[PDB]
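The structure under discussion appears below in the form of structure tokens.
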Amino acid sequence: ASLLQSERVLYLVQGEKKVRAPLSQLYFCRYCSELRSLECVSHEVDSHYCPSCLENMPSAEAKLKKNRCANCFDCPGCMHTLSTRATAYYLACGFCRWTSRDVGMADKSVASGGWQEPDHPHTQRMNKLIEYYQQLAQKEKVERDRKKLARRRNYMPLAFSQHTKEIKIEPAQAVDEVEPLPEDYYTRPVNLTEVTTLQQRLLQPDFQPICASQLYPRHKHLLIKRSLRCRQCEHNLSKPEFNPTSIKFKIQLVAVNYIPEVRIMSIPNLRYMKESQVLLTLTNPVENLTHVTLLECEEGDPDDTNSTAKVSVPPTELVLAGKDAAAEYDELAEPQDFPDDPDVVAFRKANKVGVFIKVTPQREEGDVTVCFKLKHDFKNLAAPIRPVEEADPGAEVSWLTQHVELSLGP
Amino acid sequence: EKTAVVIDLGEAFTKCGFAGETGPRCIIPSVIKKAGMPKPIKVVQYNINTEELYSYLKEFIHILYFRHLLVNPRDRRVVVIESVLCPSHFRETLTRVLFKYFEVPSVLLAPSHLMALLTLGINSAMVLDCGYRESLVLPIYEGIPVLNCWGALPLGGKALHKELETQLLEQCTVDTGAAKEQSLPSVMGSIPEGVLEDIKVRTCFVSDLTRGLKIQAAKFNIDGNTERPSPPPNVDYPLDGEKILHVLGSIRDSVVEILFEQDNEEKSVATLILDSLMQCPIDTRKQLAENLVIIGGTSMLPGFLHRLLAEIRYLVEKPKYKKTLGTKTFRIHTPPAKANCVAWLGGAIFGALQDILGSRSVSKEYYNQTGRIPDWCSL
Amino acid sequence: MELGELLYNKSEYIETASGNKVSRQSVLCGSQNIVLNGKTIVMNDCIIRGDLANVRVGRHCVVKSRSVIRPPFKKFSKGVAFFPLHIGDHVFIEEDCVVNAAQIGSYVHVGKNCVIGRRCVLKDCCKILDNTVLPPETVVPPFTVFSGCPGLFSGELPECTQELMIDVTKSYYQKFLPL
Amino acid sequence: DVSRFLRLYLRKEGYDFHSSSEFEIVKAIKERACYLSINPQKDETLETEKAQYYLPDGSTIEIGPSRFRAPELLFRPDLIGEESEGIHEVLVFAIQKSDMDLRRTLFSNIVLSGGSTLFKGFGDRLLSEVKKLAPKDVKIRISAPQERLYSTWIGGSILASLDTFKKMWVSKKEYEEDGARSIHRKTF
Ligand SMILES: Nc1ncnc2c1ncn2[C@@H]1O[C@H](COP(=O)(O)OP(=O)(O)O)[C@@H](O)[C@H]1O
Ligand SMILES: Nc1ncnc2c1ncn2[C@@H]1O[C@H](COP(=O)(O)OP(=O)(O)O)[C@@H](O)[C@H]1O
Ligand SMILES: [Zn+2]
Ligand SMILES: [Zn+2]
Ligand SMILES: [Zn+2]
């Protein structure tokens with residue numbers, strides 16, 4: 001993904017918004033015939049979990065607990081998951097040696113149950129204001145409803161019947177003179193250790209304190225398990241109910257697991273001329289493909305193009321064997337030996353075929369970029385078939401063109 | 001119905017959380033770390049192409065709705081707090097991102113000043129908003145914002161950060177750790193905005209009116225021989241590990257004065273209240289004066305509220321404002337949440353009102369049909 | 001380089017046995033307790049100490065040069081002892097990297113010159129970036145990237161790690177041959 | 001006030017003119033590019049060209065919809081929130097306040113003066129806005145001179161030249177003897 005530079009050769013997406021992304025990041029949509037990007041697809045929320053103590057919490061409990069773990073804590077000074085140490089328990093960090101004793105929080109007899117965050121200072125005033133505005137909003141709703149049904153009736157405010165407990169909040173008292181800056185600030189050395197930085201100030205927003213002794217450790221933030229759903233298609237992919245300590249997908253779907261992935265095996269000279277060898281591995285068990293197209297003339301956004309890649313080669317039938325094969329186990333005649341193609345095809349191993357592209361570098365100053373279209377026989381299986389019961393000839397016949405953009409090192 | 005989310009996109013920091021809460025859940029720098037870019041690009045930028053702005057806001061809102069808040073965007077409503085006279089194309093884009101990409105049920109474009117008034121409970125009050133870009137004031141009288149008597153000056157965070165950078169480069173004394181124990185000037189051509197902001201918050205403070213008025217005349221040096229008050233002690237600040245910048249005591253209490261300096265025009269952060277209040281209707285004068293509100297993170301700076309209220313009462317006695325605003329009692333309101341998170345708290349208090357929210361707010365079905373967001377400009 | 005893995009020619013001196021290749025330059029003081037079941041690679045000047053260990057490594061494990069894998073000591077009131085670490089399947093430890101980690105999960109790409117702290121657990125399908133410090137007793141979830149001197153959540157990985165990482169470690173092993 | 005309200009709309013387009021010097025170039029922007037639409041609602045729905053204006057420094061600014069919806073506040077000052085009649089209203093009200101016999105002749109003789117009538121399509125809008133308020137089938141002639149800005153002075157220049165002016169003005173010795181009223185009583 002990162003070790004090999006997947007962020008070089010990119011695949012194009014069809015729709016409203018055109019995007020150039022690596023095949024590793026993209027997803028293939030099986031309901032229809034069009035691969036779509038992580039940007040294009042809509043995101044959902046499945047499950048919440050703590051990154052320290054991996055515990056799958058339900059959606060209801062998260063809303064009550066404000067998307068936080070009760071047991072785990074993150075240090076305020078540096079941003080790292082704290083650890084309980086005994087002597088009878090105090091909270092301490094590994095990276096920085098900030099303790100819970102420093103700020104002056106008393107040690108608890110019970111390990112987890114004892115620790116808590118103080119109640120918000122303006123929580124009582126809050127509820128009183130909500131209830132005042134709630135009652136006041138309810139009056140406007142009744143007024144707006146009464147006005148709307150009178151318009152809908154269209155009786156011109158005809159008086160058939162006779163027309164027409166209060167909550168009163170006291171408004172906050174305005175101070176005559178606000179407290180001045182203490183005379184300590186004048187003629188006193190300022191230790192930058194004692195006062196807190198903006199980053200660690202703002203992590204505790206309810207009462208962001210200037211001094212470090214006031215700054216208490218906040219609960220550790222819960223992380224999210226994303227599930228993707230498309231515009232045209234319904235489902236796409238999702239994750240299990242035990243995503244904590246699991247790398248399994250409930251429905252595995254990705255562009256590399258359907259569309260044939262292209263990789264630049266060899267990179268030649270960048271001095272005005274060369275011959276680059278690229279591989280075209282298949283992922284499907286049995287299929288056919290072809291890199292025939294030259295991306296037309298000024299069509300399909302070929303603005304990035306800074307070279308003329310010929311790739312004048314007819315289709316080559318490659319197949320993947322999901323099994324541990326030996327070094328040159330058997331030599332097939334019709335697949336390998338019959339299309340010898342010594343100039344075009346470099347090598348043909350198991351689920352692998354090297355192809356020579358004749359690029360024209362140094363058309364611009366530098367940063368050589370090549371546009372070429374790749375075709376493949378997509379066994380869609382859109383119609384109802386149990387273990388390939390249906391023939392799926394019309395599906396296999398369908399030729400899907402992916403506009404690839406390979407970027408040479410330069 | 002579900003508890004509607006509140007977002008407040010600012011140049012420096014964005015406030016995020018859920019309605020009917022004591023304060024915002026997440027507050028973070030309004031930036032995004034794009035691959036290739038060493039410094040992260042700012043998400044809100046006025047006067048750029050729509051497509052480039054659309055991509056930045058799409059990237060940012062995604063981070064807010066998944067990494068910071070954990071909730072589906074399509075399920076529950078939005079309460080977008082944005083200041084009055086926010087650029088047209090920016091607000092149009094922000095809504096278009098929420099309605100098209102995320103497919104939110106309904107957005108409510110509340111003005112920050114009217115939201116700040118709800119938190120106190122008082123129906124009428126003057127509201128000063130000392131933000132990053134511009135320090136804006138807007139009188140709110142019994143629910144109606146008075147756009148006629150608006151006021152704004154560029155004396156916020158950005159103007160203060162720039163002033164600090166200028167002063168530090170003049171009196172530049174850093175200990176690199178390479179025979180740089182001796183005072184070394186301007187080793188680095190520019191100082192990054194992240195450092196300048198941290199220096200401002202920790203080192204620099206707002207002086208008293210009496211001491212400040214002397215500092216103004218001192219640096220001017222208006223036919224006087226060393227008429228400055230005794231500064232605080234010099235604070236040593238680390239830059240990128242090894243390099244230790246010695247911050248001069250004069251810089252700490254002089255950097256702030258650019259806000260409260262008259263500069264001939266008679267245009268300070270203090271004057272902007274009195275300039276607006278004098279332009280207000282004659283009946284509204286005494287009610288607005290008595291109910292002052294000071295929101296924005298720039299006013300959090302230690303001893304700002306005392307200097308402002310003092311500087312007001314001094315500028316009152318000045319002959320221009322002496323006639324109209326002579327015998328007026330200026331009293332400041334202390335909001336429940338902190339000065340930074342007053343704007344957000346209003347939107348949450350408003351978001352808790354499910355019945356009024358749905359009616360006032362613009363539904364997606366209306367936007368998809370029309371493609372016209374309602375504004376204070378003509379329809 | 002552009003998806004394709006590049007050639008690396010090894011010298012004559014290297015201990016090739018049952019698929020497992022271990023550079024003779026690289027000392028592994030404590031050969032008894034350390035175990036390499038699969039076709040593992042250990043590059044030159046690397047350390048795998050047997051300080052009361054049980055260092056089990058993967059099928060296609062890779063450890064680049066100047067890199068150390070030492071077990072951590074558990075500060076227990078009952079008895080202070082070195083906790084035996086278990087490197088997962090298809091694990092890629094990058095060059096000049098320090099590892100004091102207990103239980104490193106399968107299909108992981110540990111970055112270059114990155115110090116992992118004492119008693120540090122890593123779950124499967126994660127990636128630590130280069131010049132990063134994971135503090136003692138930290139956990140990293142699957143499909144995650146931890147970075148910075150603090151060592152905290154930077155973002156998420158590509159969905160296809162389980163399938164992709166197999167190609168990387170196996171290709172490197174296959175491409176890494178004698179001169 | 002139109003210059004002040006244009007500055008507000010220019011900040012709503014995203015261009016600040018905070019300084020007192022920068023207020024002068026807002027007055028220049030107004031004087032250069034600001035056209036009064038006959039129907040304001042139709043021009044708002046229509047997508048603007050966004051005509052570029054060049055500043056003294058050299059920088060370009062796209063004004064867009066602020067161009068036409070700024071001077072509209074003359075004809076409809078309730079939009080911003082200023083309690084006034086309006087330029088179309090004050091003209092009609094002034095005629096309607098006068099005696100019934102003169103109304104027809106006063107509608108038949110209207111003269112535009114000053115600089116805040118030179119707005120492009122001012123006469124076109126005013127004629128339309130006056131007609132609907134004024135009585136039906138009444139002849140409304142809004143006779144603008146070519147020198148509207150300098151009309152007030154030219155009048156004084158003609159008045160001053162006449163021998164009657166010699167009687168009208170107040171002498172320095174008259175002001176010393178008569179008192180303060182001298183200037184007020186001789187005014188008319
Ligand atoms: N707690 C604080 N203490 C001191 N200064 C602060 C604090 N929070 C923010 N600031 C400063 O004041 C500014 C407040 O800007 P803010 O109101 O968050 O942005 P915006 O005006 O774009 O909504 C910040 O840029 C920062 O420089
Ligand atoms: N060509 C013009 N187009 C639009 N507005 C103009 C034009 N010329 C002047 N103005 C406006 O009219 C003002 C001039 O008013 P003026 O006629 O001098 O008033 P007075 O009659 O009191 O002397 C300018 O400040 C400007 O706002
Ligand atoms: Zn689809
Ligand atoms: Zn936890
Ligand atoms: Zn810490």
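Residues in the structure tokens are numbered from 1 in each chain, the chains being A, B, ... in the order shown, and ligands are numbered from 1 in the order shown.
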
List every residue of chain A that has an atom at most 6 Å from any atom of ligand 4, giving for each one its closest atom pair and the distance in Å to one decimal, counting only C-alpha atoms and all ligand atoms, sorted by chain and then by ascending residue number, as JSON lines.
{"residue": "A:50", "atom": "CA", "partner": "ligand 4", "partner_atom_place_in_ligand_line": "1 (Zn)", "distance": 4.4}
{"residue": "A:52", "atom": "CA", "partner": "ligand 4", "partner_atom_place_in_ligand_line": "1 (Zn)", "distance": 5.1}
{"residue": "A:53", "atom": "CA", "partner": "ligand 4", "partner_atom_place_in_ligand_line": "1 (Zn)", "distance": 3.9}
{"residue": "A:69", "atom": "CA", "partner": "ligand 4", "partner_atom_place_in_ligand_line": "1 (Zn)", "distance": 4.7}
{"residue": "A:71", "atom": "CA", "partner": "ligand 4", "partner_atom_place_in_ligand_line": "1 (Zn)", "distance": 5.7}
{"residue": "A:72", "atom": "CA", "partner": "ligand 4", "partner_atom_place_in_ligand_line": "1 (Zn)", "distance": 4.2}

Selection above as a file: N, CA, C and O atoms, as a PDB file, in the first residue's frame:
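File out.pdb, as written:
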ATOM      1  N   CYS A  50     -13.584   1.535  21.937  1.00  0.00           N
ATOM      2  CA  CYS A  50     -12.455   2.244  22.537  1.00  0.00           C
ATOM      3  C   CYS A  50     -11.139   1.721  21.968  1.00  0.00           C
ATOM      4  O   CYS A  50     -10.959   0.504  21.856  1.00  0.00           O
ATOM      5  N   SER A  52      -8.058   1.801  23.282  1.00  0.00           N
ATOM      6  CA  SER A  52      -7.260   1.178  24.376  1.00  0.00           C
ATOM      7  C   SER A  52      -7.893  -0.163  24.769  1.00  0.00           C
ATOM      8  O   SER A  52      -7.367  -1.207  24.333  1.00  0.00           O
ATOM      9  N   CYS A  53      -8.976  -0.129  25.554  1.00  0.00           N
ATOM     10  CA  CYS A  53      -9.744  -1.319  26.006  1.00  0.00           C
ATOM     11  C   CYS A  53     -10.837  -1.610  24.970  1.00  0.00           C
ATOM     12  O   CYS A  53     -11.932  -1.019  25.074  1.00  0.00           O
ATOM     13  N   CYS A  69     -15.440   6.174  26.743  1.00  0.00           N
ATOM     14  CA  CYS A  69     -15.249   4.975  27.606  1.00  0.00           C
ATOM     15  C   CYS A  69     -15.109   5.428  29.063  1.00  0.00           C
ATOM     16  O   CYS A  69     -14.328   6.366  29.313  1.00  0.00           O
ATOM     17  N   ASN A  71     -14.040   3.469  31.727  1.00  0.00           N
ATOM     18  CA  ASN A  71     -12.870   2.808  32.367  1.00  0.00           C
ATOM     19  C   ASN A  71     -11.574   3.510  31.946  1.00  0.00           C
ATOM     20  O   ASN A  71     -10.798   3.899  32.841  1.00  0.00           O
ATOM     21  N   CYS A  72     -11.354   3.652  30.635  1.00  0.00           N
ATOM     22  CA  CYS A  72     -10.122   4.231  30.031  1.00  0.00           C
ATOM     23  C   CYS A  72     -10.130   5.760  30.157  1.00  0.00           C
ATOM     24  O   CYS A  72     -11.230   6.349  30.173  1.00  0.00           O
TER      25      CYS A  72
END

At a cut-off of 9 Å, can you tabulate as a Markdown table every residue of chain C near chain A together with its closest atom pair and the distance in Å to one decimal, using only C-alpha atoms and ordering rows by chain then number?
| residue | atom | partner | partner_atom | distance |
| --- | --- | --- | --- | --- |
| C:1 | CA | A:5 | CA | 5.7 |
| C:2 | CA | A:5 | CA | 5.1 |
| C:3 | CA | A:4 | CA | 4.8 |
| C:4 | CA | A:265 | CA | 4.2 |
| C:5 | CA | A:4 | CA | 6.6 |
| C:6 | CA | A:265 | CA | 7.9 |
| C:109 | CA | A:3 | CA | 8.4 |
| C:117 | CA | A:94 | CA | 8.6 |
| C:123 | CA | A:245 | CA | 6.3 |
| C:124 | CA | A:247 | CA | 6.6 |
| C:125 | CA | A:247 | CA | 6.6 |
| C:133 | CA | A:95 | CA | 8.7 |
| C:134 | CA | A:95 | CA | 8.2 |
| C:135 | CA | A:95 | CA | 5.1 |
| C:136 | CA | A:94 | CA | 5.4 |
| C:137 | CA | A:94 | CA | 7.5 |
| C:138 | CA | A:52 | CA | 6.8 |
| C:139 | CA | A:52 | CA | 5.3 |
| C:140 | CA | A:51 | CA | 6.5 |
| C:141 | CA | A:51 | CA | 6.0 |
| C:142 | CA | A:247 | CA | 6.6 |
| C:143 | CA | A:247 | CA | 8.0 |
| C:149 | CA | A:95 | CA | 8.6 |
| C:150 | CA | A:79 | CA | 6.5 |
| C:151 | CA | A:80 | CA | 7.4 |
| C:152 | CA | A:80 | CA | 6.8 |
| C:157 | CA | A:1 | CA | 8.7 |
| C:158 | CA | A:25 | CA | 5.4 |
| C:159 | CA | A:25 | CA | 6.9 |
| C:160 | CA | A:24 | CA | 6.3 |
| C:161 | CA | A:1 | CA | 7.7 |
| C:162 | CA | A:247 | CA | 7.5 |
| C:163 | CA | A:257 | CA | 8.7 |
| C:164 | CA | A:1 | CA | 7.1 |
| C:165 | CA | A:1 | CA | 7.6 |
| C:168 | CA | A:4 | CA | 7.6 |

Quick one: write out the picked residues with N, CA and C atoms as a JSON list (two decimals), in the first residue's frame?
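Output (selection.json):
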[["chain", "number", "residue", "atom", "x", "y", "z"],
["C", 1, "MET", "N", 8.59, 0.83, -5.91],
["C", 1, "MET", "CA", 8.62, 1.88, -6.98],
["C", 1, "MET", "C", 7.55, 1.58, -8.03],
["C", 2, "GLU", "N", 6.47, 2.37, -8.03],
["C", 2, "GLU", "CA", 5.31, 2.25, -8.94],
["C", 2, "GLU", "C", 4.73, 0.84, -8.86],
["C", 3, "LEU", "N", 4.31, 0.43, -7.66],
["C", 3, "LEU", "CA", 3.63, -0.86, -7.31],
["C", 3, "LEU", "C", 4.64, -2.02, -7.33],
["C", 4, "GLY", "N", 5.45, -2.16, -8.38],
["C", 4, "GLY", "CA", 6.42, -3.25, -8.56],
["C", 4, "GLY", "C", 7.54, -3.21, -7.53],
["C", 5, "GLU", "N", 7.81, -4.34, -6.87],
["C", 5, "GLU", "CA", 8.93, -4.52, -5.90],
["C", 5, "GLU", "C", 10.24, -4.68, -6.67],
["C", 6, "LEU", "N", 11.34, -4.12, -6.15],
["C", 6, "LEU", "CA", 12.66, -4.01, -6.84],
["C", 6, "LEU", "C", 13.62, -5.09, -6.33],
["C", 109, "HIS", "N", 2.74, -3.48, 9.04],
["C", 109, "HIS", "CA", 3.88, -2.76, 8.41],
["C", 109, "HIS", "C", 4.42, -1.72, 9.40],
["C", 117, "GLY", "N", 7.00, 1.14, 22.42],
["C", 117, "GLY", "CA", 7.23, 1.20, 23.88],
["C", 117, "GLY", "C", 7.09, -0.16, 24.55],
["C", 123, "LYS", "N", -2.72, -4.95, 17.29],
["C", 123, "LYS", "CA", -3.73, -5.85, 16.67],
["C", 123, "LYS", "C", -3.46, -5.92, 15.16],
["C", 124, "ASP", "N", -4.06, -6.90, 14.48],
["C", 124, "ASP", "CA", -3.74, -7.26, 13.07],
["C", 124, "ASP", "C", -4.21, -6.16, 12.11],
["C", 125, "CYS", "N", -3.53, -6.04, 10.96],
["C", 125, "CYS", "CA", -3.85, -5.10, 9.84],
["C", 125, "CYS", "C", -3.75, -3.64, 10.31],
["C", 133, "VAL", "N", 6.95, 7.39, 17.76],
["C", 133, "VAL", "CA", 7.20, 6.84, 19.12],
["C", 133, "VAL", "C", 5.87, 6.41, 19.73],
["C", 134, "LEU", "N", 5.61, 5.09, 19.78],
["C", 134, "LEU", "CA", 4.48, 4.49, 20.54],
["C", 134, "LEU", "C", 4.91, 4.36, 22.00],
["C", 135, "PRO", "N", 4.26, 5.06, 22.96],
["C", 135, "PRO", "CA", 4.65, 4.98, 24.37],
["C", 135, "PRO", "C", 4.37, 3.62, 25.00],
["C", 136, "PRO", "N", 4.90, 3.34, 26.22],
["C", 136, "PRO", "CA", 4.65, 2.06, 26.90],
["C", 136, "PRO", "C", 3.17, 1.78, 27.19],
["C", 137, "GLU", "N", 2.74, 0.52, 27.00],
["C", 137, "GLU", "CA", 1.39, 0.00, 27.34],
["C", 137, "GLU", "C", 0.33, 0.74, 26.51],
["C", 138, "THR", "N", 0.50, 0.78, 25.18],
["C", 138, "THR", "CA", -0.44, 1.39, 24.21],
["C", 138, "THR", "C", -1.00, 0.30, 23.29],
["C", 139, "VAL", "N", -2.22, 0.50, 22.78],
["C", 139, "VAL", "CA", -2.93, -0.42, 21.84],
["C", 139, "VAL", "C", -3.28, 0.37, 20.57],
["C", 140, "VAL", "N", -3.15, -0.27, 19.41],
["C", 140, "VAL", "CA", -3.50, 0.30, 18.07],
["C", 140, "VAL", "C", -4.52, -0.63, 17.41],
["C", 141, "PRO", "N", -5.75, -0.16, 17.10],
["C", 141, "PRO", "CA", -6.75, -1.02, 16.46],
["C", 141, "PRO", "C", -6.41, -1.40, 15.02],
["C", 142, "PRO", "N", -7.11, -2.41, 14.44],
["C", 142, "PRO", "CA", -7.00, -2.70, 13.01],
["C", 142, "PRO", "C", -7.41, -1.55, 12.08],
["C", 143, "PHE", "N", -6.81, -1.50, 10.89],
["C", 143, "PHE", "CA", -7.09, -0.52, 9.80],
["C", 143, "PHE", "C", -6.87, 0.90, 10.32],
["C", 149, "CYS", "N", 5.41, 12.00, 17.83],
["C", 149, "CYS", "CA", 6.16, 11.71, 19.08],
["C", 149, "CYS", "C", 5.20, 11.24, 20.17],
["C", 150, "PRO", "N", 4.00, 11.84, 20.33],
["C", 150, "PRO", "CA", 2.95, 11.27, 21.19],
["C", 150, "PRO", "C", 2.57, 9.83, 20.80],
["C", 151, "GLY", "N", 2.45, 9.56, 19.50],
["C", 151, "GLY", "CA", 2.03, 8.25, 18.95],
["C", 151, "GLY", "C", 0.53, 8.06, 19.11],
["C", 152, "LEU", "N", -0.26, 8.68, 18.23],
["C", 152, "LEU", "CA", -1.75, 8.72, 18.31],
["C", 152, "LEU", "C", -2.35, 8.56, 16.91],
["C", 157, "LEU", "N", -6.41, 3.08, 7.27],
["C", 157, "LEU", "CA", -5.69, 2.40, 6.16],
["C", 157, "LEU", "C", -6.67, 2.10, 5.03],
["C", 158, "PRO", "N", -6.19, 1.67, 3.84],
["C", 158, "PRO", "CA", -7.06, 1.08, 2.82],
["C", 158, "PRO", "C", -7.77, -0.18, 3.33],
["C", 159, "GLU", "N", -9.01, -0.41, 2.87],
["C", 159, "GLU", "CA", -9.87, -1.56, 3.26],
["C", 159, "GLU", "C", -9.12, -2.88, 2.98],
["C", 160, "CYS", "N", -8.58, -3.03, 1.77],
["C", 160, "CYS", "CA", -7.84, -4.24, 1.31],
["C", 160, "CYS", "C", -6.39, -4.17, 1.79],
["C", 161, "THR", "N", -6.15, -4.55, 3.05],
["C", 161, "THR", "CA", -4.81, -4.72, 3.67],
["C", 161, "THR", "C", -4.48, -6.22, 3.75],
["C", 162, "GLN", "N", -5.42, -7.01, 4.27],
["C", 162, "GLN", "CA", -5.32, -8.49, 4.46],
["C", 162, "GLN", "C", -4.85, -9.15, 3.16],
["C", 163, "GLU", "N", -5.46, -8.80, 2.02],
["C", 163, "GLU", "CA", -5.16, -9.37, 0.68],
["C", 163, "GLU", "C", -3.88, -8.75, 0.10],
["C", 164, "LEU", "N", -3.68, -7.44, 0.30],
["C", 164, "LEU", "CA", -2.59, -6.64, -0.32],
["C", 164, "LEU", "C", -1.24, -6.99, 0.31],
["C", 165, "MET", "N", -1.16, -6.97, 1.65],
["C", 165, "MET", "CA", 0.10, -7.18, 2.43],
["C", 165, "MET", "C", 0.74, -8.54, 2.09],
["C", 168, "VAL", "N", 3.02, -8.22, -0.86],
["C", 168, "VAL", "CA", 4.20, -7.36, -0.54],
["C", 168, "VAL", "C", 5.32, -8.25, 0.04]]

Item to check | Non-local contacts of residue D:106 (12 Å; only C-alpha atoms; under 2 positions in same chain excluded) as a list in words | outcome: residues 91, 92, 93, 94, 95, 96, 97, 98, 99, 100, 101, 102, 103, 104, 108, 109, 110, 111, 134, 138, 139, 140, 141, 142 and 143 of chain D

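Excluding residue B:147 itself and same-chain residues fewer than 3 positions from it, the residues having an atom within 7 Å of it are residues 138 and 150 of chain B; 80 of chain D, counting only C-alpha atoms.
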
Hey, can you spit out that residue selection with N, CA and C atoms as a short mmCIF file (atom, residue, chain, number, x, y, z; two decimals), in the first residue's frame?
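Listing of part35.cif after writing:
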data_model
loop_
_atom_site.label_atom_id
_atom_site.label_comp_id
_atom_site.auth_asym_id
_atom_site.auth_seq_id
_atom_site.Cartn_x
_atom_site.Cartn_y
_atom_site.Cartn_z
N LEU B 138 -23.12 44.11 16.54
CA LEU B 138 -24.48 44.11 15.93
C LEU B 138 -25.52 44.21 17.05
N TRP B 150 -24.79 48.38 12.07
CA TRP B 150 -23.68 47.39 12.11
C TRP B 150 -22.35 48.11 12.35
N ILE D 80 -33.10 47.44 4.32
CA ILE D 80 -31.97 47.47 5.31
C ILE D 80 -32.55 47.62 6.72
#

Next on the checklist: Please identify all protein, DNA and RNA residues within 12 Å of ligand 3, counting only C-alpha atoms and all ligand atoms, and report them as a PyMOL selection string.
Outcome noted: chain A and resi 13-15+27-37+40-42+228-237+253+380+382

Next on the checklist: I need the contact residues of chain A against chain B, so if you could list those with any atom within 8 Å, counting only C-alpha atoms, and return them as a ChimeraX atom specification, that would help.
Outcome noted: /A:42-45,48,66-67,120,122-123,125-126,129-130,133-134,137-138,140-141,169-181,185-192,195-198,202-203,205-208,223-224

Dump as JSON lines the rows for residues of chain D within 7 Å of ligand 2: closest atom pair and distance in Å with one decimal, only C-alpha atoms and all ligand atoms counted, ordered by chain and rising residue number.
{"residue": "D:3", "atom": "CA", "partner": "ligand 2", "partner_atom_place_in_ligand_line": "27 (O)", "distance": 6.6}
{"residue": "D:27", "atom": "CA", "partner": "ligand 2", "partner_atom_place_in_ligand_line": "27 (O)", "distance": 5.9}
{"residue": "D:30", "atom": "CA", "partner": "ligand 2", "partner_atom_place_in_ligand_line": "4 (C)", "distance": 6.4}
{"residue": "D:31", "atom": "CA", "partner": "ligand 2", "partner_atom_place_in_ligand_line": "4 (C)", "distance": 4.0}
{"residue": "D:32", "atom": "CA", "partner": "ligand 2", "partner_atom_place_in_ligand_line": "3 (N)", "distance": 6.6}
{"residue": "D:113", "atom": "CA", "partner": "ligand 2", "partner_atom_place_in_ligand_line": "21 (O)", "distance": 6.9}
{"residue": "D:114", "atom": "CA", "partner": "ligand 2", "partner_atom_place_in_ligand_line": "17 (O)", "distance": 3.4}
{"residue": "D:115", "atom": "CA", "partner": "ligand 2", "partner_atom_place_in_ligand_line": "17 (O)", "distance": 3.3}
{"residue": "D:116", "atom": "CA", "partner": "ligand 2", "partner_atom_place_in_ligand_line": "12 (O)", "distance": 4.2}
{"residue": "D:117", "atom": "CA", "partner": "ligand 2", "partner_atom_place_in_ligand_line": "5 (N)", "distance": 6.9}
{"residue": "D:118", "atom": "CA", "partner": "ligand 2", "partner_atom_place_in_ligand_line": "3 (N)", "distance": 4.5}
{"residue": "D:119", "atom": "CA", "partner": "ligand 2", "partner_atom_place_in_ligand_line": "4 (C)", "distance": 4.5}
{"residue": "D:149", "atom": "CA", "partner": "ligand 2", "partner_atom_place_in_ligand_line": "17 (O)", "distance": 4.3}
{"residue": "D:150", "atom": "CA", "partner": "ligand 2", "partner_atom_place_in_ligand_line": "17 (O)", "distance": 6.9}
{"residue": "D:152", "atom": "CA", "partner": "ligand 2", "partner_atom_place_in_ligand_line": "21 (O)", "distance": 6.4}

Item to check | residue B:378 environment, 9 Å, only C-alpha atoms, sequence neighbours closer than 6 positions dropped, as JSON, numbers by chain | outcome: {"D": [40, 41, 44, 69, 79]}

Checklist entry - Which one of A:136, A:295, A:210, A:308 sits closest to ligand 1 if you count only C-alpha atoms and all ligand atoms? => result A:210

Checklist entry - Per DSSP on the backbone, what are the strand (DSSP E or B) residues of stretch 25-56 of chain C, as a ChimeraX atom specification? => result /C:35,41-42,47,56

Please produce, as JSON lines, a per-residue contact table for chain B versus chain D (criterion: any atom at most 6 Å away, only C-alpha atoms considered), showing the nearest atom pair and its distance in Å to one decimal, sorted by chain then residue number.
{"residue": "B:85", "atom": "CA", "partner": "D:12", "partner_atom": "CA", "distance": 4.8}
{"residue": "B:86", "atom": "CA", "partner": "D:12", "partner_atom": "CA", "distance": 5.8}
{"residue": "B:87", "atom": "CA", "partner": "D:12", "partner_atom": "CA", "distance": 4.6}
{"residue": "B:88", "atom": "CA", "partner": "D:13", "partner_atom": "CA", "distance": 5.8}
{"residue": "B:148", "atom": "CA", "partner": "D:81", "partner_atom": "CA", "distance": 5.8}
{"residue": "B:153", "atom": "CA", "partner": "D:18", "partner_atom": "CA", "distance": 5.9}
